[PDB]
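Asks: So here's upload16.pdb, just PDB, N, CA and C atoms:
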ATOM      1  N   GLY A   1     283.550 127.796-120.076
ATOM      2  CA  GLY A   1     284.285 128.442-121.147
ATOM      3  C   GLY A   1     285.088 129.634-120.664
ATOM      4  N   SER A   2     286.318 129.755-121.154
ATOM      5  CA  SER A   2     287.192 130.855-120.763
ATOM      6  C   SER A   2     287.400 131.822-121.925
ATOM      7  N   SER A   3     287.528 133.105-121.602
ATOM      8  CA  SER A   3     287.728 134.133-122.617
ATOM      9  C   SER A   3     286.587 134.125-123.630
ATOM     10  N   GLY A   4     285.369 133.919-123.138
ATOM     11  CA  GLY A   4     284.211 133.892-124.011
ATOM     12  C   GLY A   4     283.235 135.015-123.717
ATOM     13  N   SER A   5     282.423 135.366-124.708
ATOM     14  CA  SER A   5     281.444 136.436-124.552
ATOM     15  C   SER A   5     280.085 135.873-124.148
ATOM     16  N   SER A   6     279.538 135.002-124.990
ATOM     17  CA  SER A   6     278.240 134.393-124.723
ATOM     18  C   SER A   6     278.367 133.270-123.699
ATOM     19  N   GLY A   7     277.467 133.266-122.720
ATOM     20  CA  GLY A   7     277.495 132.242-121.691
ATOM     21  C   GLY A   7     276.106 131.842-121.234
ATOM     22  N   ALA A   8     275.847 130.539-121.209
ATOM     23  CA  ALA A   8     274.548 130.026-120.790
ATOM     24  C   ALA A   8     274.054 130.744-119.539
ATOM     25  N   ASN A   9     272.763 131.060-119.516
ATOM     26  CA  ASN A   9     272.165 131.749-118.377
ATOM     27  C   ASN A   9     271.258 130.810-117.587
ATOM     28  N   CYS A  10     270.963 131.186-116.348
ATOM     29  CA  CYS A  10     270.108 130.379-115.487
ATOM     30  C   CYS A  10     269.311 131.259-114.530
ATOM     31  N   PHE A  11     268.367 130.651-113.820
ATOM     32  CA  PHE A  11     267.534 131.381-112.872
ATOM     33  C   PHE A  11     267.969 131.101-111.436
ATOM     34  N   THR A  12     268.370 132.153-110.729
ATOM     35  CA  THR A  12     268.813 132.022-109.348
ATOM     36  C   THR A  12     267.626 131.893-108.400
ATOM     37  N   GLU A  13     266.542 132.593-108.717
ATOM     38  CA  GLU A  13     265.340 132.555-107.892
ATOM     39  C   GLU A  13     264.101 132.306-108.746
ATOM     40  N   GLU A  14     263.651 131.055-108.773
ATOM     41  CA  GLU A  14     262.476 130.684-109.552
ATOM     42  C   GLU A  14     261.243 131.447-109.076
ATOM     43  N   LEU A  15     260.252 131.563-109.952
ATOM     44  CA  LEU A  15     259.018 132.270-109.623
ATOM     45  C   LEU A  15     258.343 131.647-108.404
ATOM     46  N   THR A  16     257.155 132.145-108.074
ATOM     47  CA  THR A  16     256.405 131.638-106.932
ATOM     48  C   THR A  16     254.903 131.719-107.181
ATOM     49  N   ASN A  17     254.256 130.560-107.253
ATOM     50  CA  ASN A  17     252.819 130.500-107.487
ATOM     51  C   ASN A  17     252.104 131.646-106.777
ATOM     52  N   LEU A  18     251.253 132.352-107.514
ATOM     53  CA  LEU A  18     250.504 133.473-106.956
ATOM     54  C   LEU A  18     249.023 133.129-106.828
ATOM     55  N   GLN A  19     248.347 133.791-105.894
ATOM     56  CA  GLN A  19     246.925 133.556-105.672
ATOM     57  C   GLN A  19     246.201 134.861-105.357
ATOM     58  N   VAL A  20     245.367 135.310-106.289
ATOM     59  CA  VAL A  20     244.613 136.546-106.111
ATOM     60  C   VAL A  20     243.254 136.464-106.796
ATOM     61  N   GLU A  21     242.398 137.441-106.518
ATOM     62  CA  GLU A  21     241.065 137.480-107.108
ATOM     63  C   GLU A  21     241.116 138.024-108.533
ATOM     64  N   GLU A  22     240.047 137.791-109.288
ATOM     65  CA  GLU A  22     239.971 138.258-110.667
ATOM     66  C   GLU A  22     239.956 139.783-110.726
ATOM     67  N   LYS A  23     240.472 140.332-111.821
ATOM     68  CA  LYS A  23     240.518 141.777-112.003
ATOM     69  C   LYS A  23     241.408 142.430-110.951
ATOM     70  N   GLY A  24     242.412 141.690-110.490
ATOM     71  CA  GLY A  24     243.320 142.215-109.486
ATOM     72  C   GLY A  24     244.637 142.673-110.080
ATOM     73  N   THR A  25     245.735 142.101-109.594
ATOM     74  CA  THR A  25     247.062 142.457-110.080
ATOM     75  C   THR A  25     248.102 141.434-109.637
ATOM     76  N   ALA A  26     248.546 140.605-110.575
ATOM     77  CA  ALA A  26     249.544 139.583-110.281
ATOM     78  C   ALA A  26     250.892 139.937-110.902
ATOM     79  N   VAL A  27     251.916 140.040-110.061
ATOM     80  CA  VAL A  27     253.257 140.372-110.527
ATOM     81  C   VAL A  27     254.220 139.211-110.305
ATOM     82  N   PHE A  28     254.508 138.476-111.373
ATOM     83  CA  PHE A  28     255.415 137.336-111.295
ATOM     84  C   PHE A  28     256.862 137.801-111.161
ATOM     85  N   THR A  29     257.368 137.794-109.932
ATOM     86  CA  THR A  29     258.738 138.216-109.667
ATOM     87  C   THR A  29     259.707 137.047-109.789
ATOM     88  N   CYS A  30     260.822 137.276-110.474
ATOM     89  CA  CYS A  30     261.830 136.240-110.664
ATOM     90  C   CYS A  30     263.232 136.839-110.661
ATOM     91  N   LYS A  31     264.238 135.978-110.772
ATOM     92  CA  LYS A  31     265.628 136.421-110.781
ATOM     93  C   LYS A  31     266.452 135.602-111.770
ATOM     94  N   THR A  32     267.638 136.104-112.102
ATOM     95  CA  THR A  32     268.523 135.419-113.036
ATOM     96  C   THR A  32     269.986 135.628-112.661
ATOM     97  N   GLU A  33     270.842 134.712-113.102
ATOM     98  CA  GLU A  33     272.268 134.797-112.812
ATOM     99  C   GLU A  33     272.930 135.885-113.653
ATOM    100  N   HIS A  34     272.370 136.135-114.833
ATOM    101  CA  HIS A  34     272.906 137.151-115.733
ATOM    102  C   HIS A  34     271.794 138.059-116.249
ATOM    103  N   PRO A  35     272.161 139.300-116.607
ATOM    104  CA  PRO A  35     271.210 140.288-117.122
ATOM    105  C   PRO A  35     270.697 139.933-118.513
ATOM    106  N   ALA A  36     269.601 139.184-118.562
ATOM    107  CA  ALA A  36     269.009 138.777-119.829
ATOM    108  C   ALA A  36     268.741 139.983-120.723
ATOM    109  N   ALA A  37     269.379 140.005-121.889
ATOM    110  CA  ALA A  37     269.208 141.101-122.833
ATOM    111  C   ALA A  37     267.767 141.182-123.326
ATOM    112  N   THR A  38     267.051 140.066-123.235
ATOM    113  CA  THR A  38     265.663 140.010-123.673
ATOM    114  C   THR A  38     264.875 138.981-122.870
ATOM    115  N   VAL A  39     263.579 139.231-122.707
ATOM    116  CA  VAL A  39     262.714 138.324-121.962
ATOM    117  C   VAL A  39     261.382 138.123-122.676
ATOM    118  N   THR A  40     261.060 136.868-122.975
ATOM    119  CA  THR A  40     259.816 136.539-123.658
ATOM    120  C   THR A  40     258.907 135.697-122.772
ATOM    121  N   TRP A  41     257.929 136.345-122.150
ATOM    122  CA  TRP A  41     256.990 135.653-121.274
ATOM    123  C   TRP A  41     255.972 134.859-122.085
ATOM    124  N   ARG A  42     255.540 133.727-121.539
ATOM    125  CA  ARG A  42     254.566 132.877-122.213
ATOM    126  C   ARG A  42     253.410 132.527-121.280
ATOM    127  N   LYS A  43     252.188 132.655-121.786
ATOM    128  CA  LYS A  43     250.999 132.353-121.000
ATOM    129  C   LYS A  43     250.168 131.261-121.667
ATOM    130  N   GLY A  44     250.018 130.134-120.979
ATOM    131  CA  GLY A  44     249.246 129.031-121.521
ATOM    132  C   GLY A  44     249.626 128.704-122.952
ATOM    133  N   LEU A  45     250.851 128.228-123.141
ATOM    134  CA  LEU A  45     251.339 127.878-124.471
ATOM    135  C   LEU A  45     251.124 129.027-125.451
ATOM    136  N   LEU A  46     251.229 130.253-124.947
ATOM    137  CA  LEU A  46     251.049 131.438-125.778
ATOM    138  C   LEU A  46     252.153 132.459-125.516
ATOM    139  N   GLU A  47     252.522 133.202-126.554
ATOM    140  CA  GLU A  47     253.565 134.214-126.434
ATOM    141  C   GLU A  47     252.982 135.542-125.960
ATOM    142  N   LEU A  48     253.529 136.066-124.868
ATOM    143  CA  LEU A  48     253.063 137.331-124.310
ATOM    144  C   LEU A  48     253.870 138.501-124.865
ATOM    145  N   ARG A  49     253.295 139.697-124.794
ATOM    146  CA  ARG A  49     253.961 140.896-125.288
ATOM    147  C   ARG A  49     253.624 142.103-124.418
ATOM    148  N   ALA A  50     254.611 142.968-124.207
ATOM    149  CA  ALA A  50     254.418 144.164-123.395
ATOM    150  C   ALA A  50     253.134 144.890-123.783
ATOM    151  N   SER A  51     252.109 144.756-122.947
ATOM    152  CA  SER A  51     250.824 145.395-123.205
ATOM    153  C   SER A  51     250.156 145.816-121.900
ATOM    154  N   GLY A  52     249.023 146.502-122.017
ATOM    155  CA  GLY A  52     248.303 146.953-120.840
ATOM    156  C   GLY A  52     248.089 145.841-119.832
ATOM    157  N   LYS A  53     248.094 144.602-120.310
ATOM    158  CA  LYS A  53     247.897 143.446-119.443
ATOM    159  C   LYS A  53     249.231 142.938-118.905
ATOM    160  N   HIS A  54     250.101 142.500-119.809
ATOM    161  CA  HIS A  54     251.413 141.991-119.424
ATOM    162  C   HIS A  54     252.493 143.044-119.650
ATOM    163  N   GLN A  55     252.879 143.728-118.579
ATOM    164  CA  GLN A  55     253.902 144.763-118.663
ATOM    165  C   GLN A  55     255.161 144.347-117.908
ATOM    166  N   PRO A  56     256.043 143.603-118.592
ATOM    167  CA  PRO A  56     257.299 143.125-118.006
ATOM    168  C   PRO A  56     258.292 144.256-117.764
ATOM    169  N   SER A  57     259.416 143.926-117.133
ATOM    170  CA  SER A  57     260.445 144.916-116.838
ATOM    171  C   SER A  57     261.808 144.249-116.675
ATOM    172  N   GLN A  58     262.836 145.064-116.462
ATOM    173  CA  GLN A  58     264.192 144.554-116.292
ATOM    174  C   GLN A  58     264.988 145.435-115.336
ATOM    175  N   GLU A  59     265.307 144.893-114.164
ATOM    176  CA  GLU A  59     266.065 145.633-113.162
ATOM    177  C   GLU A  59     267.371 144.917-112.832
ATOM    178  N   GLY A  60     268.248 144.808-113.826
ATOM    179  CA  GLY A  60     269.522 144.144-113.622
ATOM    180  C   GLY A  60     269.396 142.633-113.621
ATOM    181  N   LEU A  61     269.430 142.040-112.433
ATOM    182  CA  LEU A  61     269.320 140.592-112.299
ATOM    183  C   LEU A  61     267.951 140.197-111.753
ATOM    184  N   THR A  62     267.038 141.162-111.707
ATOM    185  CA  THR A  62     265.691 140.917-111.208
ATOM    186  C   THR A  62     264.644 141.269-112.257
ATOM    187  N   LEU A  63     263.746 140.329-112.529
ATOM    188  CA  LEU A  63     262.689 140.541-113.513
ATOM    189  C   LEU A  63     261.313 140.399-112.873
ATOM    190  N   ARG A  64     260.314 141.029-113.483
ATOM    191  CA  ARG A  64     258.949 140.971-112.972
ATOM    192  C   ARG A  64     257.946 141.343-114.061
ATOM    193  N   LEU A  65     256.781 140.707-114.026
ATOM    194  CA  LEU A  65     255.736 140.971-115.009
ATOM    195  C   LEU A  65     254.412 141.293-114.323
ATOM    196  N   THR A  66     254.001 142.554-114.403
ATOM    197  CA  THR A  66     252.751 142.991-113.792
ATOM    198  C   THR A  66     251.553 142.597-114.648
ATOM    199  N   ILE A  67     250.629 141.849-114.053
ATOM    200  CA  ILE A  67     249.434 141.407-114.761
ATOM    201  C   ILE A  67     248.172 141.969-114.115
ATOM    202  N   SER A  68     247.575 142.965-114.762
ATOM    203  CA  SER A  68     246.363 143.591-114.249
ATOM    204  C   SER A  68     245.134 143.102-115.010
ATOM    205  N   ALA A  69     243.956 143.424-114.490
ATOM    206  CA  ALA A  69     242.705 143.019-115.120
ATOM    207  C   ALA A  69     242.592 141.501-115.193
ATOM    208  N   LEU A  70     243.277 140.818-114.282
ATOM    209  CA  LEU A  70     243.255 139.359-114.243
ATOM    210  C   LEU A  70     241.842 138.830-114.469
ATOM    211  N   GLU A  71     241.740 137.539-114.771
ATOM    212  CA  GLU A  71     240.447 136.911-115.010
ATOM    213  C   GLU A  71     240.536 135.399-114.834
ATOM    214  N   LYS A  72     239.380 134.754-114.708
ATOM    215  CA  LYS A  72     239.325 133.307-114.534
ATOM    216  C   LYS A  72     240.169 132.600-115.589
ATOM    217  N   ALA A  73     240.256 133.201-116.772
ATOM    218  CA  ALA A  73     241.035 132.629-117.863
ATOM    219  C   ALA A  73     242.528 132.690-117.562
ATOM    220  N   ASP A  74     242.999 133.865-117.162
ATOM    221  CA  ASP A  74     244.409 134.056-116.843
ATOM    222  C   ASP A  74     244.971 132.837-116.117
ATOM    223  N   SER A  75     244.117 132.162-115.354
ATOM    224  CA  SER A  75     244.529 130.982-114.605
ATOM    225  C   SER A  75     245.218 129.971-115.517
ATOM    226  N   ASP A  76     246.543 129.909-115.426
ATOM    227  CA  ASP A  76     247.321 128.985-116.242
ATOM    228  C   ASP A  76     248.789 128.996-115.826
ATOM    229  N   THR A  77     249.597 128.186-116.501
ATOM    230  CA  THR A  77     251.020 128.100-116.199
ATOM    231  C   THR A  77     251.829 129.032-117.096
ATOM    232  N   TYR A  78     252.446 130.039-116.490
ATOM    233  CA  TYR A  78     253.250 131.001-117.234
ATOM    234  C   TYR A  78     254.718 130.583-117.257
ATOM    235  N   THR A  79     255.428 130.999-118.301
ATOM    236  CA  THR A  79     256.841 130.668-118.444
ATOM    237  C   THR A  79     257.661 131.904-118.796
ATOM    238  N   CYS A  80     258.588 132.263-117.915
ATOM    239  CA  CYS A  80     259.440 133.426-118.134
ATOM    240  C   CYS A  80     260.730 133.030-118.843
ATOM    241  N   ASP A  81     260.778 133.267-120.149
ATOM    242  CA  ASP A  81     261.954 132.933-120.945
ATOM    243  C   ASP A  81     262.898 134.128-121.046
ATOM    244  N   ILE A  82     264.197 133.850-121.046
ATOM    245  CA  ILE A  82     265.203 134.902-121.139
ATOM    246  C   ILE A  82     266.108 134.693-122.347
ATOM    247  N   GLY A  83     266.140 133.462-122.850
ATOM    248  CA  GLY A  83     266.967 133.153-124.002
ATOM    249  C   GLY A  83     267.739 131.860-123.830
ATOM    250  N   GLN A  84     268.048 131.518-122.583
ATOM    251  CA  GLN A  84     268.791 130.299-122.288
ATOM    252  C   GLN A  84     267.990 129.382-121.369
ATOM    253  N   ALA A  85     267.300 129.978-120.402
ATOM    254  CA  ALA A  85     266.492 129.215-119.459
ATOM    255  C   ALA A  85     265.070 129.761-119.387
ATOM    256  N   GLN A  86     264.176 128.991-118.776
ATOM    257  CA  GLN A  86     262.782 129.399-118.642
ATOM    258  C   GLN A  86     262.205 128.934-117.308
ATOM    259  N   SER A  87     261.487 129.828-116.636
ATOM    260  CA  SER A  87     260.884 129.512-115.347
ATOM    261  C   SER A  87     259.412 129.148-115.510
ATOM    262  N   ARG A  88     258.764 128.813-114.399
ATOM    263  CA  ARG A  88     257.354 128.443-114.418
ATOM    264  C   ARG A  88     256.682 128.795-113.094
ATOM    265  N   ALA A  89     255.424 129.217-113.169
ATOM    266  CA  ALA A  89     254.669 129.584-111.977
ATOM    267  C   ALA A  89     253.171 129.414-112.203
ATOM    268  N   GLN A  90     252.463 128.998-111.158
ATOM    269  CA  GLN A  90     251.021 128.795-111.246
ATOM    270  C   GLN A  90     250.268 130.016-110.728
ATOM    271  N   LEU A  91     249.193 130.378-111.420
ATOM    272  CA  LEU A  91     248.385 131.529-111.031
ATOM    273  C   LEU A  91     246.957 131.104-110.699
ATOM    274  N   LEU A  92     246.379 131.735-109.682
ATOM    275  CA  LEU A  92     245.016 131.425-109.266
ATOM    276  C   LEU A  92     244.159 132.687-109.221
ATOM    277  N   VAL A  93     243.174 132.758-110.110
ATOM    278  CA  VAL A  93     242.281 133.909-110.170
ATOM    279  C   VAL A  93     240.953 133.611-109.482
ATOM    280  N   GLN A  94     240.879 133.921-108.193
ATOM    281  CA  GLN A  94     239.665 133.687-107.419
ATOM    282  C   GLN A  94     238.515 134.544-107.937
ATOM    283  N   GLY A  95     237.361 134.432-107.288
ATOM    284  CA  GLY A  95     236.202 135.204-107.697
ATOM    285  C   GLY A  95     235.746 136.178-106.630
ATOM    286  N   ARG A  96     236.174 137.430-106.752
ATOM    287  CA  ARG A  96     235.807 138.460-105.787
ATOM    288  C   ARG A  96     234.345 138.320-105.372
ATOM    289  N   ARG A  97     233.537 137.746-106.256
ATOM    290  CA  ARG A  97     232.117 137.554-105.981
ATOM    291  C   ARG A  97     231.730 136.085-106.120
ATOM    292  N   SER A  98     231.622 135.397-104.988
ATOM    293  CA  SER A  98     231.262 133.984-104.983
ATOM    294  C   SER A  98     229.808 133.795-104.565
ATOM    295  N   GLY A  99     228.896 133.984-105.514
ATOM    296  CA  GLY A  99     227.482 133.832-105.226
ATOM    297  C   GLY A  99     226.985 132.425-105.496
ATOM    298  N   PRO A 100     225.881 132.046-104.834
ATOM    299  CA  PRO A 100     225.281 130.718-104.990
ATOM    300  C   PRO A 100     224.643 130.527-106.362
ATOM    301  N   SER A 101     225.264 129.692-107.188
ATOM    302  CA  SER A 101     224.758 129.424-108.529
ATOM    303  C   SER A 101     223.368 128.798-108.470
ATOM    304  N   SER A 102     223.257 127.689-107.745
ATOM    305  CA  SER A 102     221.985 126.990-107.611
ATOM    306  C   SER A 102     221.064 127.719-106.636
ATOM    307  N   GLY A 103     220.327 128.699-107.150
ATOM    308  CA  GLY A 103     219.417 129.459-106.313
ATOM    309  C   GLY A 103     218.098 129.748-107.003
TER
END
For this file, write the structure as structure tokens.

Replies:
Amino acid sequence: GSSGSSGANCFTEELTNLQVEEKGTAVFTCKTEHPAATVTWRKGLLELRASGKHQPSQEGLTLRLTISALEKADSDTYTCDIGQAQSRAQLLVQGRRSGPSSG
């Protein structure tokens, strides 16, 4: 489209599966072709919101979501929505303490 204001957006650098222990800190770093005026992160078919857990940000064409206090549950497929496109990344919450269950 020429002489237009609104233009479909896309992701230049898709996320990257992360792997860390529970109660750690996972930051899903991503990129976009255009400065998304808004970003709606989704966790396990759920809508995320700027909170002590999911604290997203916006640095021009670079986005990131810091996830602290991770847990075995957090383990799921997240989706970084901007309004036109959406990314995906796998998270792995290991167990800082791997003790023998059958004991």

Asks: Report, in Å to a single decimal, how far apart atom N of residue 61 in chain A and atom C of residue 77 in chain A are.

Replies: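 Straight-line distance from atom C of residue 77 in chain A to atom N of residue 61 in chain A works out to 22.4 Å.
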
Asks: What is the atom N of residue 38 in chain A to CA of residue 67 in chain A distance in Å?

Replies: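 Result for atom N of residue 38 in chain A versus CA of residue 67 in chain A: 19.6 Å, one decimal.
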
Asks: For this file, the PyMOL selection byres ((chain A and resi 62) around 7) selects which residues, as an MDAnalysis selection string?

Replies: chainID A and resid 29:32 35 57:61 63:64

Asks: Could you state which residues are captured by the PyMOL selection byres ((chain A and resi 40-52) around 5) in this file, as a PyMOL selection string?

Replies: chain A and resi 38-39+53-55+77-82

Asks: When you count only C-alpha atoms, which of these residues is closest to residue 9 in chain A: A:37, A:71, A:101, A:92?

Replies: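 Looking at the shortest contact to residue 9 in chain A, the residue is A:37.
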
Asks: Just checking: using only C-alpha atoms, which residue out of A:56, A:15, A:4, A:90 ends up closest to residue 74 in chain A?

Replies: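 Closest to residue 74 in chain A, using only C-alpha atoms: A:90.
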
Asks: Can you pull out every residue from chain A that DSSP, working from the backbone, puts in strand (DSSP E), and format the result as a ChimeraX atom specification?

Replies: /A:18-21,25-31,40-43,54-59,62-68,77-81,89-94

Asks: If you measure from atom N of residue 6 in chain A to atom N of residue 86 in chain A, what distance in Å do you get, rounded to one decimal?

Replies: 17.6 Å

Asks: Some atoms are missing, so please complete range 6-25 of chain A with N, CA, C and O atoms and return it as a PDB file, in the frame of the given file.

Replies:
ATOM      1  N   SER A   6     279.538 135.002-124.990  1.00  0.00           N
ATOM      2  CA  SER A   6     278.240 134.393-124.723  1.00  0.00           C
ATOM      3  C   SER A   6     278.367 133.270-123.699  1.00  0.00           C
ATOM      4  O   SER A   6     279.258 132.426-123.793  1.00  0.00           O
ATOM      5  N   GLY A   7     277.467 133.266-122.720  1.00  0.00           N
ATOM      6  CA  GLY A   7     277.495 132.242-121.691  1.00  0.00           C
ATOM      7  C   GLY A   7     276.106 131.842-121.234  1.00  0.00           C
ATOM      8  O   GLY A   7     275.282 132.695-120.911  1.00  0.00           O
ATOM      9  N   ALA A   8     275.847 130.539-121.209  1.00  0.00           N
ATOM     10  CA  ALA A   8     274.548 130.026-120.790  1.00  0.00           C
ATOM     11  C   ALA A   8     274.054 130.744-119.539  1.00  0.00           C
ATOM     12  O   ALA A   8     274.824 131.008-118.617  1.00  0.00           O
ATOM     13  N   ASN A   9     272.763 131.060-119.516  1.00  0.00           N
ATOM     14  CA  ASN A   9     272.165 131.749-118.377  1.00  0.00           C
ATOM     15  C   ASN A   9     271.258 130.810-117.587  1.00  0.00           C
ATOM     16  O   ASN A   9     270.836 129.769-118.091  1.00  0.00           O
ATOM     17  N   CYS A  10     270.963 131.186-116.348  1.00  0.00           N
ATOM     18  CA  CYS A  10     270.108 130.379-115.487  1.00  0.00           C
ATOM     19  C   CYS A  10     269.311 131.259-114.530  1.00  0.00           C
ATOM     20  O   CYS A  10     269.545 132.465-114.439  1.00  0.00           O
ATOM     21  N   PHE A  11     268.367 130.651-113.820  1.00  0.00           N
ATOM     22  CA  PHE A  11     267.534 131.381-112.872  1.00  0.00           C
ATOM     23  C   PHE A  11     267.969 131.101-111.436  1.00  0.00           C
ATOM     24  O   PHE A  11     267.945 129.958-110.979  1.00  0.00           O
ATOM     25  N   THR A  12     268.370 132.153-110.729  1.00  0.00           N
ATOM     26  CA  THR A  12     268.813 132.022-109.348  1.00  0.00           C
ATOM     27  C   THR A  12     267.626 131.893-108.400  1.00  0.00           C
ATOM     28  O   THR A  12     267.692 131.174-107.403  1.00  0.00           O
ATOM     29  N   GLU A  13     266.542 132.593-108.717  1.00  0.00           N
ATOM     30  CA  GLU A  13     265.340 132.555-107.892  1.00  0.00           C
ATOM     31  C   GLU A  13     264.101 132.306-108.746  1.00  0.00           C
ATOM     32  O   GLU A  13     263.567 133.224-109.367  1.00  0.00           O
ATOM     33  N   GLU A  14     263.651 131.055-108.773  1.00  0.00           N
ATOM     34  CA  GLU A  14     262.476 130.684-109.552  1.00  0.00           C
ATOM     35  C   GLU A  14     261.243 131.447-109.076  1.00  0.00           C
ATOM     36  O   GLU A  14     261.193 131.921-107.940  1.00  0.00           O
ATOM     37  N   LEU A  15     260.252 131.563-109.952  1.00  0.00           N
ATOM     38  CA  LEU A  15     259.018 132.270-109.623  1.00  0.00           C
ATOM     39  C   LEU A  15     258.343 131.647-108.404  1.00  0.00           C
ATOM     40  O   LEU A  15     258.884 130.735-107.778  1.00  0.00           O
ATOM     41  N   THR A  16     257.155 132.145-108.074  1.00  0.00           N
ATOM     42  CA  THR A  16     256.405 131.638-106.932  1.00  0.00           C
ATOM     43  C   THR A  16     254.903 131.719-107.181  1.00  0.00           C
ATOM     44  O   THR A  16     254.342 132.807-107.305  1.00  0.00           O
ATOM     45  N   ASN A  17     254.256 130.560-107.253  1.00  0.00           N
ATOM     46  CA  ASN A  17     252.819 130.500-107.487  1.00  0.00           C
ATOM     47  C   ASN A  17     252.104 131.646-106.777  1.00  0.00           C
ATOM     48  O   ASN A  17     252.318 131.885-105.588  1.00  0.00           O
ATOM     49  N   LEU A  18     251.253 132.352-107.514  1.00  0.00           N
ATOM     50  CA  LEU A  18     250.504 133.473-106.956  1.00  0.00           C
ATOM     51  C   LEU A  18     249.023 133.129-106.828  1.00  0.00           C
ATOM     52  O   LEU A  18     248.507 132.285-107.559  1.00  0.00           O
ATOM     53  N   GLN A  19     248.347 133.791-105.894  1.00  0.00           N
ATOM     54  CA  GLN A  19     246.925 133.556-105.672  1.00  0.00           C
ATOM     55  C   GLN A  19     246.201 134.861-105.357  1.00  0.00           C
ATOM     56  O   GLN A  19     246.393 135.448-104.292  1.00  0.00           O
ATOM     57  N   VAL A  20     245.367 135.310-106.289  1.00  0.00           N
ATOM     58  CA  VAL A  20     244.613 136.546-106.111  1.00  0.00           C
ATOM     59  C   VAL A  20     243.254 136.464-106.796  1.00  0.00           C
ATOM     60  O   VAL A  20     242.988 135.536-107.560  1.00  0.00           O
ATOM     61  N   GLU A  21     242.398 137.441-106.518  1.00  0.00           N
ATOM     62  CA  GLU A  21     241.065 137.480-107.108  1.00  0.00           C
ATOM     63  C   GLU A  21     241.116 138.024-108.533  1.00  0.00           C
ATOM     64  O   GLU A  21     242.101 138.641-108.937  1.00  0.00           O
ATOM     65  N   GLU A  22     240.047 137.791-109.288  1.00  0.00           N
ATOM     66  CA  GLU A  22     239.971 138.258-110.667  1.00  0.00           C
ATOM     67  C   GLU A  22     239.956 139.783-110.726  1.00  0.00           C
ATOM     68  O   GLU A  22     239.489 140.447-109.801  1.00  0.00           O
ATOM     69  N   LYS A  23     240.472 140.332-111.821  1.00  0.00           N
ATOM     70  CA  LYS A  23     240.518 141.777-112.003  1.00  0.00           C
ATOM     71  C   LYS A  23     241.408 142.430-110.951  1.00  0.00           C
ATOM     72  O   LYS A  23     241.191 143.578-110.566  1.00  0.00           O
ATOM     73  N   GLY A  24     242.412 141.690-110.490  1.00  0.00           N
ATOM     74  CA  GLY A  24     243.320 142.215-109.486  1.00  0.00           C
ATOM     75  C   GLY A  24     244.637 142.673-110.080  1.00  0.00           C
ATOM     76  O   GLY A  24     244.665 143.531-110.963  1.00  0.00           O
ATOM     77  N   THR A  25     245.735 142.101-109.594  1.00  0.00           N
ATOM     78  CA  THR A  25     247.062 142.457-110.080  1.00  0.00           C
ATOM     79  C   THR A  25     248.102 141.434-109.637  1.00  0.00           C
ATOM     80  O   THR A  25     248.494 141.398-108.470  1.00  0.00           O
TER      81      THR A  25
END
